[PDB]
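Working notes, beginning with the structure itself.
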Amino acid sequence: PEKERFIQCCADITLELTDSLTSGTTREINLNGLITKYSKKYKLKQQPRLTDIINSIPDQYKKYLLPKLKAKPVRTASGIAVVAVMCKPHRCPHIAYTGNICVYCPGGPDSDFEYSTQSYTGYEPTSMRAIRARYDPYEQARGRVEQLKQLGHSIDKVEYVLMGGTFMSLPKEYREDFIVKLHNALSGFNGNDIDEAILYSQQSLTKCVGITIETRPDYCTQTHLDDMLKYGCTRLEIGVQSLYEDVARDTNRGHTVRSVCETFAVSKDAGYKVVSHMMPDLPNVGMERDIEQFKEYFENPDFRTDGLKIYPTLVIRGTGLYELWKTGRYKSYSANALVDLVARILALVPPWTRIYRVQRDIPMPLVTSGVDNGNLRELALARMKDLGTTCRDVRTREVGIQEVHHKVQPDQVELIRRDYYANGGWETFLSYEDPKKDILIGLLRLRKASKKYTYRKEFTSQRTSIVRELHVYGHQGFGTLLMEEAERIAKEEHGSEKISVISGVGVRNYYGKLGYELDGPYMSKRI
Amino acid sequence: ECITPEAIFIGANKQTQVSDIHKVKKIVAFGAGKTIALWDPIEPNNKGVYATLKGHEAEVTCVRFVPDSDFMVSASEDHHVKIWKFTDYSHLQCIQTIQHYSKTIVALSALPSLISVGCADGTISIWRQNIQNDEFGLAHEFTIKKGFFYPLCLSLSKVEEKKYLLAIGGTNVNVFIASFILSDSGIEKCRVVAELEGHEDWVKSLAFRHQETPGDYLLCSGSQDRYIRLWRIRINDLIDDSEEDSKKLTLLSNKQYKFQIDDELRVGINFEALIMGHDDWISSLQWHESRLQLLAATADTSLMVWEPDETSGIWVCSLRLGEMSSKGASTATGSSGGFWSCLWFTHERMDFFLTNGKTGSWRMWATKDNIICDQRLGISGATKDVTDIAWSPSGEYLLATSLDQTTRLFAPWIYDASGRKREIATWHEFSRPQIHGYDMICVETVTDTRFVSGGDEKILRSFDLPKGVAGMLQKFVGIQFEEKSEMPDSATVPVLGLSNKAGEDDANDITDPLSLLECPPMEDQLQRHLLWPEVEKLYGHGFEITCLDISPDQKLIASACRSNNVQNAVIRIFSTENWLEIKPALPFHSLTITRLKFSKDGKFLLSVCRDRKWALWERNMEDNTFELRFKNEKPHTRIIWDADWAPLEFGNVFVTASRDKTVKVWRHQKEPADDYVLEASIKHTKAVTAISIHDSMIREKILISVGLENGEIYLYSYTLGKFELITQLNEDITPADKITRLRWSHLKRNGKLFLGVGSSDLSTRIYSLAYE
Ligand SMILES: C[C@H]1O[C@@H](n2cnc3c(N)ncnc32)[C@H](O)[C@@H]1O
Ligand code: SF4
């Protein structure tokens with residue numbers, strides 16, 4: 001027949017590999033060749049894959065033999081599987097009180113697309129997954145985690161992302177339902193009450209190690225921050241796009257830069273970690289001001305956020321930019337010019353700031369004018385090497401990508417500690433790194449809760465240092481070392497009586513063995 | 001009384017034990033939003049749900065029929081555990097309420113005069129009924145780990161005459177086992193006596209088996225790790241240890257937990273079997289009445305039945321169902337997202353399997369011995385609030401919508417496939433025109449084949465009646481559509497975009513009685529490939545459309561969208577011929593137009609909104625444009641909700657209903673000028689929401705049906721000036737939540753009036769009234 005011999009070929013491959021691996025012996029010819037020698041007796045197009053054979057192993061043998069094919073730390077060991085979901089399409093808040101929507105957001109509810117949420121084009125993989133789930137969080141989460149399971153990953157720490165427009169502009173009942181649904185699809189609990197859902201997810205297997213909620217500076221007030229900390233949010237993503245007030249004004253942005261900075265301060269003093277969006281090639285900017293703002297961003301001790309997202313301005317049909325690009329009022333950059341600009345910007349990224357992404361993955365056939373290729377960071381790093389300078393980004397110095405791309409191993413770990421001042425607070429940045437090769441092995445941020453901006457009833461009662469983020473990628477007793485040094489710092493360097501770590505609800509038990517007791521939404525510990 | 005609930009259509013909840021079946025008199029009771037619901041699945045005339053026992057306030061999680069007793073316990077997310085007793089042979093009345101736990105109640109299992117309640121705070125409370133009166137007293141409450149183990153499932157058994165076990169599954173890979181004795185006024189010797197181990201993940205559900213052999217029985221525990229584990233409970237003198245003085249070399253996973261209940265009933269619970277390969281979680285599992293068959297209902301849209309191998313003493317897949325392509329709340333791709341709780345009961349030679357379909361609809365499977373299994377009719381109903389109830393043009397069928405993204409076409413079952421009319425008309429779900437991607441709000445009938453709907457968006461779509469449902473209705477309900485077989489074929493769910501395509505090219509005939517359906521459609525068919533193609537969407541609105549109406553002329557359709565200012569509180573009118581719009585607007589309101597009605601005479605349009613003011617617009621016969629004719633300033637103090645047009649025979653007169661707890665009837669007058677001054681007014685105790693008036697005159701008085709915000713429906717007769725209370729509907733025959741839509745059926749079959757009710761209690765009711 002056509003395909004039956006393929007199924008029985010996979011079956012014999014599975015049984016033979018299990019038998020060989022029980023006593024500790026490897027294969028010889030990368031089973032696909034052995035697969036064909038039996039299944040392609042007539043050569044009827046039977047093409048297996050690694051996922052195909054993985055979905056054949058029996059459960060008892062699957063759960064024990066699967067990770068013996070993957071070894072990248074963040075891939076299967078650290079296992080922070082970024083599982084992105086989307087909310088129902090809706091119109092972003094500012095449109096009401098200004099008159100029109102942001103002038104560069106493609107898609108939405110009233111664009112040429114009837115189906116994609118705001119700032120989305122309904123062609124990214126996430127959009128098709130959302131629509132094939134009809135924007136329901138339960139199906140989204142279950143399907144994504146199941147697809148990840150099928151592809152042979154041993155995922156154990158799901159990290160949620162809530163993409164799409166401003167999620168914070170929805171009726172409170174709807175958001176409560178969304179978050180409860182996410183946690184339920186993770187843990188398996190089938191309840192409806194946010195408190196119970198959190199309490200169940202905390203014990204859950206497949207821990208919800210956090211959740212990110214991209215939002216707007218205005219919709220991040222005290223009450224909104226309390227809401228998102230109730231949900232379990234751990235990292236915020238804030239739209240900025242410009243430090244020049246004129247650009248924000250001309251883009252129908254609807255929020256002043258001063259508002260952005262105030263929101264940064266109060267959120268970082270609420271224990272969050274903020275990742276900001278920074279659009280180059282905004283109208284009326286030019287290369288000189290582009291470089292100026294990106295050089296000030298890390299120089300002004302007011303923004304200095306921990307993450308970043310460089311999103312070069314892409315014009316797409318239907319936006320407010322098509323009725324301005326067609327008239328020729330605005331012309332984009334040049335390919336070489338923009339690659340060089342990205343190179344110079346990345347040259348200035350301090351070691352603590354992590355570059356989470358570069359230019360959007362909106363498809364080439366749809367963009368009217370902007371970035372040509374889709375591998376901008378590749379060319380940026382090549383041009384960086386050409387110029388001589390090098391990148392200090394966390395993502396460009398973490399162990400995991402090095403072991404598979406650079407194929408360089410770490411052997412000179414040493415303790416390094418930065419100590420800067422951002423958003424009115426004193427932020428320490430501990431790390432275990434490789435000074436000779438500039439490889440970051442583990443990191444931990446830390447902040448002295450500033451009197452001016454802190455507001456949480458847990459923090460204003462007594463002096464407090466917040467462990468805003470702890471991350472270990474590639475014996476291996478590092479989290480312990482970093483946590484101990486942070487304790488020492490908060491006891492002597494900071495003079496704080498109670499040190500508390502914000503944590504995703506999934507990982508709240510890990511700090512339990514460290515002696516932390518659960519206070520509100522934080523894992524705290526007195527000193 | 002002359003008012004009887006003809007049909008109820010409620011959707012099951014999504015918890016893991018929403019449903020339970022009364023065995024000695026097979027009756028399936030399942031939670032549905034705020035209420036419970038009764039059902040006979042083996043009625044000779046195939047009726048679905050017939051009574052919704054209200055009384056809770058939040059979603060009903062767990063319902064359990066106390067075996068060998070006339071009791072059933074229900075648990076609500078509003079921290080209430082209620083006990084219900086059979087009063088009628090087929091009805092129950094609440095007797096006892098337990099308010100405690102300050103939290104949601106998750107697990108809830110009951111035995112004769114002995115129930116167990118698991119509180120999500122992490123407590124297990126055993127309750128024993130008082131001997132003297134039918135009332136439960138809190139016997140004993142205890143906790144495990146106090147901050148780590150929260151319960152997920154519970155089940156208990158009567159091991160001896162006055163000794164009881166309790167198996168707790170929860171946020172732990174170890175099943176806890178407690179034992180106690182009953183002292184006829186309480187319980188004692190209670191503590192966790194064992195922690196069975198062998199699971200690696202959470203324990204979703206567990207269930208003991210009947211002690212058909214004294215001294216030994218079986219307990220199954222299904223986990224989230226796609227495993228099931230069978231444990232052998234052996235009482236004293238049957239424990240059958242291993243002689244240890246000669247080394248038998250037992251494995252550690254075969255450890256036997258021995259414990260003393262009081263001091264002497266040595267129980268030697270030992271693991272017995274490992275059931276493999278469920279492909280996803282085990283949402284619900286349940287034994288059989290007699291045979292040694294175990295039913296496992298999984299979350300991979302699949303349900304299967306294991307039995308011991310007759311050869312090797314192990315367990316294999318006896319039966320499996322659910323392989324028909326579907327995904328519970330979706331249908332494009334299956335795989336993780338299907339079946340909730342399961343019930344398994346046998347009639348004469350018929351093993352009925354009953355299962356929640358993650359869409360508010362039950363699914364039946366009747367099989368004769370072990371192999372030949374076929375789908376029997378189930379029930380349906382929305383899971384979210386139901387908003388609009390549009391009657392077919394002459395009351396032939398009922399179109400319903402919901403806040404859940406679905407609209408559904410119901411009709412009564414009258415003519416069998418043979419041809420002769422049946423005995424009693426049973427209503428069934430006949431089509432699902434829209435599996436949409438927006439919060440469906442406002443639907444209205446264009447004609448027998450066309451219907452226009454609008455959910456949560458700036459546009460509104462018109463659909464035609466496809467060949468499948470139309471032919472099948474003509475077969476069953478015997479509907480006459482002028483035989484016009486130029487209607488498009490049955491549609492599908494689009495795998496691209498949202499506008500409902502024709503489905504001619506793709507569908508993965510049936511109208512004929514020789515097809516696979518001899519009864520109303522089946523769930524797989526209904527949700528996968530019984531949709532409706534779309535004709536045209538009608539742009540023009542800015543915000544989400546809120547209210548919609550059709551003029552009787554079937555030319556102009558009047559629409560409005562939710563707003564907050566005058567520039568968006570305008571009303572648009574669309575011509576059905578070109579599907580385009582009218583040029584001007586009719587702006588008087590400033591808030592969202594709640595109800596918008598077209599008169600019996602197609603020349604007067606009634607608008608009403610949150611401005612607490614109504615308005616009436618003329619119509620230009622020549623140009624199909626409207627202009628302001630009448631307006632009001634303070635006809636009500638609070639908001640107005642719905643306004644309705646009285647029959648032309650009673651004259652040019654309409655009515656408004658408002659949150660002043662009041663309703664005002666306005667009839668035209670010409671003494672100082674032309675206007676419709678308030679001829680009548682009534683005031684109720686609760687805010688009134690919906691009002692419906694029969695199109696037909698009866699004995700010089702119109703029939704006005706009003707609906708309250710707590711669900712109590714009133715029927716009134718209105719002559720000139722005076723309003724006569726026909727009746728009010730008792731608590732047994734009303735929804736538990738706010739009434740959102742009331743519509744009198746234009747049809748009158750067998751001398752009865754049908755009233756369509758759609759409530760926020762996730763339920764649509766059909767009422768029959770006798771008036772000849
Ligand atoms: C999602 C992030 O991308 C920004 N953004 C908005 N429009 C575009 C576009 N056309 N291309 C790239 N990024 C864009 C949003 O403003 C936010 O900063
Ligand atoms: S600019 Fe911000 S608020 Fe405006 S559409 Fe884009 S994401 Fe939404």
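Convention: chains lettered A, B, ... in structure tokens order; per-chain residue numbering from 1; ligands numbered from 1 as shown.
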Interface residues on chain B facing chain A, 7 Å, only C-alpha atoms, written as a ChimeraX atom specification: /B:15,120,148,171,201,330,336-337,437,497
Write out, as a PDB file, in the first residue's frame, the residues just selected, with N, CA and C atoms.
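Output file part.pdb is given in full below:
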ATOM      1  N   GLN B  15     -17.634  21.796  33.839  1.00  0.00           N
ATOM      2  CA  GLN B  15     -16.869  21.195  34.917  1.00  0.00           C
ATOM      3  C   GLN B  15     -16.707  19.698  34.674  1.00  0.00           C
ATOM      4  N   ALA B 120     -12.236  24.367  48.067  1.00  0.00           N
ATOM      5  CA  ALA B 120     -11.021  24.758  47.368  1.00  0.00           C
ATOM      6  C   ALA B 120     -10.024  25.458  48.268  1.00  0.00           C
ATOM      7  N   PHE B 148      -0.847  22.996  50.528  1.00  0.00           N
ATOM      8  CA  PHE B 148      -0.298  22.367  49.341  1.00  0.00           C
ATOM      9  C   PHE B 148      -1.279  21.478  48.605  1.00  0.00           C
ATOM     10  N   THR B 171      -4.132  18.203  44.195  1.00  0.00           N
ATOM     11  CA  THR B 171      -2.927  18.766  43.610  1.00  0.00           C
ATOM     12  C   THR B 171      -1.704  18.000  44.089  1.00  0.00           C
ATOM     13  N   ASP B 201       1.405  12.861  38.169  1.00  0.00           N
ATOM     14  CA  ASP B 201       0.837  14.176  37.920  1.00  0.00           C
ATOM     15  C   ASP B 201      -0.398  14.317  38.797  1.00  0.00           C
ATOM     16  N   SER B 330     -14.471  23.751  19.114  1.00  0.00           N
ATOM     17  CA  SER B 330     -14.118  23.950  17.717  1.00  0.00           C
ATOM     18  C   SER B 330     -14.373  22.648  16.974  1.00  0.00           C
ATOM     19  N   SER B 336      -7.437  17.264  21.790  1.00  0.00           N
ATOM     20  CA  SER B 336      -7.352  18.047  23.027  1.00  0.00           C
ATOM     21  C   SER B 336      -8.271  19.263  23.098  1.00  0.00           C
ATOM     22  N   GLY B 337      -9.502  19.053  23.583  1.00  0.00           N
ATOM     23  CA  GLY B 337     -10.552  20.054  23.563  1.00  0.00           C
ATOM     24  C   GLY B 337     -11.957  19.530  23.334  1.00  0.00           C
ATOM     25  N   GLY B 437     -17.383  34.257  15.209  1.00  0.00           N
ATOM     26  CA  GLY B 437     -16.213  34.669  15.947  1.00  0.00           C
ATOM     27  C   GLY B 437     -16.427  36.002  16.622  1.00  0.00           C
ATOM     28  N   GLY B 497     -11.042  33.480   6.621  1.00  0.00           N
ATOM     29  CA  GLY B 497     -12.009  34.547   6.757  1.00  0.00           C
ATOM     30  C   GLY B 497     -13.115  34.139   7.702  1.00  0.00           C
TER      31      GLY B 497
END
Surroundings of ligand 2 up to 8 Å, based on only C-alpha atoms and all ligand atoms, as a PDB file with N, CA, C and O atoms, in the first residue's frame:
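Saved the output as part.pdb:
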ATOM      1  N   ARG A  91     -10.845  47.747  19.600  1.00  0.00           N
ATOM      2  CA  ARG A  91     -10.240  49.000  19.201  1.00  0.00           C
ATOM      3  C   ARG A  91      -9.492  49.625  20.373  1.00  0.00           C
ATOM      4  O   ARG A  91     -10.017  49.762  21.478  1.00  0.00           O
ATOM      5  N   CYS A  92      -8.239  49.992  20.116  1.00  0.00           N
ATOM      6  CA  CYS A  92      -7.331  50.496  21.133  1.00  0.00           C
ATOM      7  C   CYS A  92      -7.872  51.781  21.734  1.00  0.00           C
ATOM      8  O   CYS A  92      -8.538  52.565  21.055  1.00  0.00           O
ATOM      9  N   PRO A  93      -7.614  52.018  23.016  1.00  0.00           N
ATOM     10  CA  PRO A  93      -8.368  53.040  23.753  1.00  0.00           C
ATOM     11  C   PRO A  93      -8.271  54.458  23.212  1.00  0.00           C
ATOM     12  O   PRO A  93      -9.259  55.195  23.261  1.00  0.00           O
ATOM     13  N   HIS A  94      -7.106  54.861  22.700  1.00  0.00           N
ATOM     14  CA  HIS A  94      -6.911  56.281  22.440  1.00  0.00           C
ATOM     15  C   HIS A  94      -7.813  56.795  21.327  1.00  0.00           C
ATOM     16  O   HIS A  94      -8.157  57.983  21.328  1.00  0.00           O
ATOM     17  N   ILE A  95      -8.269  55.921  20.429  1.00  0.00           N
ATOM     18  CA  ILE A  95      -9.018  56.333  19.247  1.00  0.00           C
ATOM     19  C   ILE A  95     -10.214  57.191  19.630  1.00  0.00           C
ATOM     20  O   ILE A  95     -10.600  58.099  18.887  1.00  0.00           O
ATOM     21  N   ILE A 101      -6.822  56.505  15.073  1.00  0.00           N
ATOM     22  CA  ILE A 101      -6.036  55.447  15.694  1.00  0.00           C
ATOM     23  C   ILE A 101      -4.570  55.774  15.409  1.00  0.00           C
ATOM     24  O   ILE A 101      -4.287  56.698  14.640  1.00  0.00           O
ATOM     25  N   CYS A 102      -3.663  55.023  16.023  1.00  0.00           N
ATOM     26  CA  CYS A 102      -2.222  55.260  15.768  1.00  0.00           C
ATOM     27  C   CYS A 102      -1.995  55.215  14.264  1.00  0.00           C
ATOM     28  O   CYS A 102      -2.657  54.411  13.591  1.00  0.00           O
ATOM     29  N   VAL A 103      -1.067  56.018  13.771  1.00  0.00           N
ATOM     30  CA  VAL A 103      -0.918  56.207  12.333  1.00  0.00           C
ATOM     31  C   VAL A 103      -0.041  55.145  11.688  1.00  0.00           C
ATOM     32  O   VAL A 103       0.241  55.218  10.488  1.00  0.00           O
ATOM     33  N   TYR A 104       0.408  54.156  12.458  1.00  0.00           N
ATOM     34  CA  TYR A 104       1.279  53.143  11.873  1.00  0.00           C
ATOM     35  C   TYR A 104       0.830  51.724  12.186  1.00  0.00           C
ATOM     36  O   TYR A 104       1.445  50.767  11.702  1.00  0.00           O
ATOM     37  N   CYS A 105      -0.217  51.553  12.987  1.00  0.00           N
ATOM     38  CA  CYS A 105      -0.651  50.211  13.333  1.00  0.00           C
ATOM     39  C   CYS A 105      -1.384  49.594  12.160  1.00  0.00           C
ATOM     40  O   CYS A 105      -2.431  50.110  11.746  1.00  0.00           O
ATOM     41  N   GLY A 108      -6.290  45.519  12.362  1.00  0.00           N
ATOM     42  CA  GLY A 108      -7.156  45.916  13.437  1.00  0.00           C
ATOM     43  C   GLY A 108      -8.570  45.459  13.188  1.00  0.00           C
ATOM     44  O   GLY A 108      -8.818  44.520  12.432  1.00  0.00           O
ATOM     45  N   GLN A 118      -5.872  44.286  16.704  1.00  0.00           N
ATOM     46  CA  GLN A 118      -5.181  45.521  16.384  1.00  0.00           C
ATOM     47  C   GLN A 118      -3.678  45.289  16.349  1.00  0.00           C
ATOM     48  O   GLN A 118      -3.145  44.420  17.039  1.00  0.00           O
ATOM     49  N   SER A 119      -2.999  46.061  15.506  1.00  0.00           N
ATOM     50  CA  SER A 119      -1.562  45.952  15.285  1.00  0.00           C
ATOM     51  C   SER A 119      -1.158  44.569  14.814  1.00  0.00           C
ATOM     52  O   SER A 119      -0.051  44.116  15.103  1.00  0.00           O
ATOM     53  N   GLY A 164      -1.402  41.338  21.004  1.00  0.00           N
ATOM     54  CA  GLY A 164      -2.583  41.891  20.379  1.00  0.00           C
ATOM     55  C   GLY A 164      -3.145  43.115  21.062  1.00  0.00           C
ATOM     56  O   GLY A 164      -3.661  43.021  22.177  1.00  0.00           O
ATOM     57  N   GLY A 165      -3.056  44.262  20.392  1.00  0.00           N
ATOM     58  CA  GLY A 165      -3.637  45.504  20.864  1.00  0.00           C
ATOM     59  C   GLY A 165      -3.324  45.817  22.309  1.00  0.00           C
ATOM     60  O   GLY A 165      -2.277  45.420  22.819  1.00  0.00           O
ATOM     61  N   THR A 166      -4.225  46.518  22.982  1.00  0.00           N
ATOM     62  CA  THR A 166      -4.096  46.789  24.406  1.00  0.00           C
ATOM     63  C   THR A 166      -5.063  45.876  25.140  1.00  0.00           C
ATOM     64  O   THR A 166      -6.273  46.114  25.137  1.00  0.00           O
ATOM     65  N   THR A 215       0.914  46.555  26.821  1.00  0.00           N
ATOM     66  CA  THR A 215      -0.106  47.503  27.230  1.00  0.00           C
ATOM     67  C   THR A 215       0.317  48.899  26.800  1.00  0.00           C
ATOM     68  O   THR A 215       1.184  49.062  25.938  1.00  0.00           O
ATOM     69  N   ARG A 216      -0.307  49.903  27.399  1.00  0.00           N
ATOM     70  CA  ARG A 216      -0.051  51.303  27.130  1.00  0.00           C
ATOM     71  C   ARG A 216       0.317  52.016  28.417  1.00  0.00           C
ATOM     72  O   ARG A 216      -0.124  51.624  29.498  1.00  0.00           O
ATOM     73  N   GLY A 239       4.534  50.440  24.991  1.00  0.00           N
ATOM     74  CA  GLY A 239       4.796  51.153  23.765  1.00  0.00           C
ATOM     75  C   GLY A 239       5.340  52.538  24.029  1.00  0.00           C
ATOM     76  O   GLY A 239       4.768  53.296  24.813  1.00  0.00           O
ATOM     77  N   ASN A 252      -0.556  60.508  16.396  1.00  0.00           N
ATOM     78  CA  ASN A 252      -1.798  60.230  17.114  1.00  0.00           C
ATOM     79  C   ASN A 252      -1.556  59.247  18.248  1.00  0.00           C
ATOM     80  O   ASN A 252      -2.410  58.421  18.565  1.00  0.00           O
ATOM     81  N   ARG A 253      -0.376  59.329  18.857  1.00  0.00           N
ATOM     82  CA  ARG A 253      -0.001  58.361  19.880  1.00  0.00           C
ATOM     83  C   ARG A 253      -0.898  58.475  21.102  1.00  0.00           C
ATOM     84  O   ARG A 253      -1.359  57.464  21.641  1.00  0.00           O
TER      85      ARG A 253
END
Report as a tab-separated table the residues of chain A within 9 Å of ligand 1, each with its shortest atom pair and distance in Å (one decimal), using only C-alpha atoms and all ligand atoms, ordered by chain and increasing residue number.
residue	atom	partner	partner_atom_place_in_ligand_line	distance
A:102	CA	ligand 1	6 (C)	7.7
A:103	CA	ligand 1	7 (N)	7.8
A:104	CA	ligand 1	7 (N)	4.4
A:105	CA	ligand 1	7 (N)	3.6
A:106	CA	ligand 1	10 (N)	5.4
A:107	CA	ligand 1	10 (N)	8.9
A:119	CA	ligand 1	6 (C)	5.8
A:120	CA	ligand 1	1 (C)	8.2
A:163	CA	ligand 1	1 (C)	8.2
A:164	CA	ligand 1	1 (C)	7.6
A:165	CA	ligand 1	1 (C)	7.6
A:214	CA	ligand 1	1 (C)	8.2
A:237	CA	ligand 1	18 (O)	8.8
A:238	CA	ligand 1	18 (O)	7.4
A:239	CA	ligand 1	18 (O)	4.6
A:240	CA	ligand 1	18 (O)	6.6
A:241	CA	ligand 1	18 (O)	6.0
A:253	CA	ligand 1	16 (O)	8.8
A:276	CA	ligand 1	18 (O)	7.8
A:277	CA	ligand 1	18 (O)	4.7
A:278	CA	ligand 1	18 (O)	6.7
A:279	CA	ligand 1	18 (O)	6.8
A:309	CA	ligand 1	18 (O)	8.0
A:310	CA	ligand 1	13 (N)	8.5
A:311	CA	ligand 1	13 (N)	5.0
A:312	CA	ligand 1	12 (C)	5.9
A:313	CA	ligand 1	11 (N)	4.9
A:314	CA	ligand 1	11 (N)	4.3
A:315	CA	ligand 1	10 (N)	5.4
A:316	CA	ligand 1	10 (N)	6.4
A:319	CA	ligand 1	10 (N)	8.1
A:321	CA	ligand 1	10 (N)	8.6
A:359	CA	ligand 1	12 (C)	6.9
A:360	CA	ligand 1	12 (C)	5.5
A:361	CA	ligand 1	12 (C)	8.6
A:362	CA	ligand 1	11 (N)	7.7
A:367	CA	ligand 1	10 (N)	8.5
A:370	CA	ligand 1	11 (N)	8.8
Interatomic distance (Å, one decimal) between atom CA of residue B:113 and atom CA of residue B:129: 4.7 Å
Neighbour list for residue A:229 as a short mmCIF file (atom, residue, chain, number, x, y, z; two decimals) with C-alpha atoms, in the first residue's frame, cut-off 9 Å, only C-alpha atoms, skip fewer than 6 positions in-chain:
data_model
loop_
_atom_site.label_atom_id
_atom_site.label_comp_id
_atom_site.auth_asym_id
_atom_site.auth_seq_id
_atom_site.Cartn_x
_atom_site.Cartn_y
_atom_site.Cartn_z
CA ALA A 270 5.81 47.64 41.77
CA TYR A 272 7.64 44.33 37.52
CA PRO A 521 1.45 38.34 45.11
#
Residues near residue B:114, cut-off 8 Å, only C-alpha atoms, skip fewer than 4 positions along chain, as JSON, numbers by chain: {"B": [110, 126, 127, 128, 129]}
B:276, B:409, B:620, B:736 ranked by distance to residue A:61, top pick (using only C-alpha atoms):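 Counting only C-alpha atoms, the residue closest to residue A:61 is B:276.
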A:230, A:317, A:153, A:68 ranked by distance to residue A:179, top pick (using only C-alpha atoms):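 That would be A:230, the residue with the smallest distance to residue A:179.
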Best match for closeness to residue B:707 among B:728, B:720, B:565, B:640, counting only C-alpha atoms: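 Ranked by minimum distance to residue B:707, first place goes to B:728.
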Two-atom distance - atom CA of residue A:296, atom CA of residue A:445 (Å):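 Separating atom CA of residue A:296 from atom CA of residue A:445 is a distance of 21.9 Å.
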Residue neighbourhood residue A:157, 12 Å, only C-alpha atoms, exclusion window fewer than 4 positions, as a PyMOL selection string: chain A and resi 74-83+145+148+153+186-187+201+204-211+504-507
Neighbour list for residue A:222 as a VMD selection string, cut-off 12 Å, only C-alpha atoms, skip fewer than 6 positions in-chain: chain A and resid 228 to 229 262 to 270 453 to 457
Once you have the residues from the selection above, write them out as a short mmCIF file (atom, residue, chain, number, x, y, z; two decimals), in the first residue's frame, restricted to N, CA and C atoms.
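Output (selection02.cif):
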data_model
loop_
_atom_site.label_atom_id
_atom_site.label_comp_id
_atom_site.auth_asym_id
_atom_site.auth_seq_id
_atom_site.Cartn_x
_atom_site.Cartn_y
_atom_site.Cartn_z
N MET A 228 -3.09 43.54 37.27
CA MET A 228 -2.20 42.62 36.58
C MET A 228 -1.36 41.80 37.54
N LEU A 229 -1.01 42.33 38.70
CA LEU A 229 -0.32 41.50 39.68
C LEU A 229 -1.25 40.48 40.29
N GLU A 262 6.87 58.26 33.92
CA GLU A 262 6.23 58.04 35.21
C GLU A 262 5.74 56.61 35.35
N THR A 263 5.12 56.08 34.29
CA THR A 263 4.65 54.71 34.33
C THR A 263 5.81 53.74 34.51
N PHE A 264 6.92 53.99 33.82
CA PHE A 264 8.11 53.16 34.00
C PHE A 264 8.52 53.13 35.45
N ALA A 265 8.58 54.30 36.08
CA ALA A 265 9.04 54.36 37.46
C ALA A 265 8.10 53.58 38.37
N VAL A 266 6.80 53.84 38.26
CA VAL A 266 5.88 53.20 39.20
C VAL A 266 5.80 51.70 38.97
N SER A 267 5.88 51.24 37.73
CA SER A 267 5.83 49.81 37.48
C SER A 267 7.09 49.11 37.95
N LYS A 268 8.26 49.70 37.71
CA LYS A 268 9.48 49.09 38.21
C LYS A 268 9.52 49.11 39.73
N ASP A 269 8.84 50.07 40.36
CA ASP A 269 8.73 50.08 41.81
C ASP A 269 7.62 49.18 42.31
N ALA A 270 6.78 48.66 41.41
CA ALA A 270 5.81 47.64 41.77
C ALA A 270 6.39 46.24 41.65
N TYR A 453 8.32 56.55 44.72
CA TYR A 453 7.38 55.95 43.78
C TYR A 453 6.70 54.68 44.26
N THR A 454 7.28 53.96 45.21
CA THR A 454 6.65 52.73 45.66
C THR A 454 5.30 53.02 46.31
N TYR A 455 4.37 52.09 46.14
CA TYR A 455 3.04 52.25 46.72
C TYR A 455 2.46 50.99 47.34
N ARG A 456 3.00 49.81 47.07
CA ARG A 456 2.37 48.58 47.53
C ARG A 456 2.34 48.54 49.05
N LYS A 457 1.22 48.08 49.60
CA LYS A 457 1.12 47.97 51.05
C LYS A 457 2.15 47.02 51.62
#
Residues near residue B:335, cut-off 10 Å, only C-alpha atoms, skip fewer than 5 positions along chain, as an MDAnalysis selection string: (chainID A and resid 142:143 146:147) or (chainID B and resid 279:280 299:302 325:328)
